[PDB]
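Only one chain is included here, represented as structure tokens and corresponding to the form deposited in one PDB entry.
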């Protein structure tokens, strides 16, 4: 096979590399790598190395990496550019793997672990590590086994061995309901003392050294606790055995609030799953406990136990160990679904970076670009110092707040990357500048043509048309990958809707799910078989369809994020190719493109309908437009349609056959105007929205910029079995809004758009009556706990203290002097509740860590003093009044003459 690296590190003058050899075996080597850097030379000397501007360079080969680094410093002291890859391990990887990397995931050791630490005196601080580690479950991807290390004797209690038999039994049998599919995969090892446990762990770690190290909060907890506990018991050199090269560093993350010291293990790539999940999942959650994320992702119940966790080992060691094992598997199950590890490996190997660098698009793009340029013997520029400067972004149209019955949206495919490709925006393609007219002049096509030679953006920039820049070239490759995966995703989604439809008539039989590839549209043959299947098989197929969809979503949306990050990186000072001329060229062009097509769509539809000056485009944001279709529907007449799907077909056909061709012509004209290198402004129909035929639903409404709701029947070619609410910006979409409130506000909107004013009034009235029965968690707001110490004055709110910080301070006073109460962690999420006047907490609100029940100490008092009225007024009624007034509806029935 083709060799591929596992991990790479620079230690002084040595590259330490772990890799898979041609035989598929893990090896390690130390290389005294001689790096090269470059300096400009006279045009009058022979060379094959040139910078991106075509200036000739001479290669400087160094005896070792430290010499190379010192040369950089001397070049700074002289005042001359030191060119080339100054991250010597990226140069090493480029030299060693001078080909597209084919990796075999089965050869890569992915370790998933978690630890248990019994602690009576509060949260066990990793940097102190003063309490015994009493359980480690370490899953190994290569062995496919859960290795369980269990402490039997501790200063906090001596316990019996864990029973695998009881762990397999149902909870109703007194068991732990450890899923049957992993029972045979548990290798259980009890220990009489913590020393032997840790020594055996390290020996085990030596035999099965993780390449990818993951788990839940392992970077902030498990890793530093294990390292520090071992350091406390045995000394540093023994702790350093967690690194295959025996080197570690104790380092902080730079922020703007506080600091936390994490452990860098040289020769391992740590990908904490919480960090994988936060970057790649495209959610914001009220809580990031594994219980919460597991319930959300997998619909599994919370791990249930009595008393505090600090007493669990003592009271019920059986369950303690089982819940440790189950916690590991749940991360595996989340990954099986989301596929973030797979995504990380893909991106990592593509860029030829340390895998853990996927968290950093700047590092990723820096390495992609460097490899692309090196292939052509081109030399990258030195990174420079730049002051942070604000620059303009997208255009957003101000909508007229109103109901909107029929709506068709259109959206530009991958806007910013396509602008980069169309215009040819790249560091080395800058051709010069032209004299800019006000942007509206370009929008209305009244400004003089920018250039007859070069490709232009209305910010004044000009670019070469003779050849593609490295940015367009490299961004196009990832874009194409993205497109493929989006194709798989949408097809899985369409297939899902076919299964949903079929589920309306399940056939009563014993049968199996069809063996199909969900990434491809179901054939007619498959459709007919599905029409003959039982609910059991259809539901299992739907589950499989939805899993394929999720897999496709992960692959596509994060490649989208990566290509969009290239456009953003051009506006970040740490990017090697930082250039505000290029970042602004993208965004200004975007503002022109949007407003230009607004004009064209308006001009086109006015002609179709025989009017003048009327606005059809009601809204737009960045690259999408929302077109009112009322008049199109009205021109045929609502009476003429058989059912909802019929007018949906009609709008789909009208958008695909009349509007899209007009949109294309309008954009082809803009391309010529700007003299761009390649027409790539592709604006397709996205949504078809409206109320059900014959109903009193309003279809959609806008309250303002980035705030609207639509009743969608068709989204980029996916015809839904049941209409789906597209809601943006409104309170239903915010992680800060109470759960039950999100739910009720969503149902109010559903009723408004699908059913009408009377249905909405019927629901509101019922919610208002029953609201006081809602569980306190379901009605708590959520916020992030930032800068607590800034607003802490003696335990009481300082000047300008935010509401939620006030709540935290109230909580702190209430729990003061209590070792075992959950402390609020700076930066993490809190639930927030209003408190009625004259409560014992001595303030108007209280906040506690999210995802958890509030400590039993103050729960009863919180539940008794919760201010439901404030809750109902602030989180529900005020948002609802905002919706309804915008939609010109009343949520409460107004009095009429009929009341006699």
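Residue numbers count along the first chain shown, from 1.
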Mean C-alpha temperature factor, higher of 29-37 and 850-858: 850-858
Mean C-alpha temperature factor, higher of 798-806 and 138-146: 798-806
Residue with highest C-alpha B-factor in the PDB entry, from 581, 403, 813, 705: 813
Given 151, 336, 298, 262, the residue at which the Cα B factor reaches its maximum: 262
Residue 120 - which third its CA temperature factor falls in, relative to the rest of the chain: highest
Chain-relative CA temperature factor third for residue 50: middle
For residue 648, the third of its chain into which the C-alpha B factor falls: middle
Relative C-alpha B-factor of residue 791, binned into the chain's lowest, middle or highest third: highest
Within-chain third of residue 257 by Cα B-factor, per the entry: highest
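FYI, the form deposited with a small molecule bound isn't displayed, but the following is about it.
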4.5 Å heavy atom contact, residue 848 and the small molecule in the bound PDB entry: no
Residue 84 within 4.5 Å of the small molecule in the bound PDB entry, heavy atoms: yes
Partner contact for residue 869 in the bound PDB entry: the small molecule, 4.5 angstroms, heavy atom: no
4.5 angstroms heavy atom contact with the small molecule in the bound PDB entry for residue 111: no
Non-hydrogen atom within 4.5 Å of the small molecule in the bound PDB entry for each of 95, 370 and 378: yes
Stretch in contact, per heavy atom within 4.5 angstroms of the small molecule in the bound PDB entry, of 65-73, 29-37, 828-836, 859-867: 29-37
Listed residue that, although the small molecule is not shown, lies within 4.5 Å of it in the bound PDB entry (heavy atoms), from 198, 91, 408, 809: 91
Proximity to the small molecule in the bound PDB entry, single hit among 363, 313, 374, 240 (heavy atom within 4.5 Å): 374
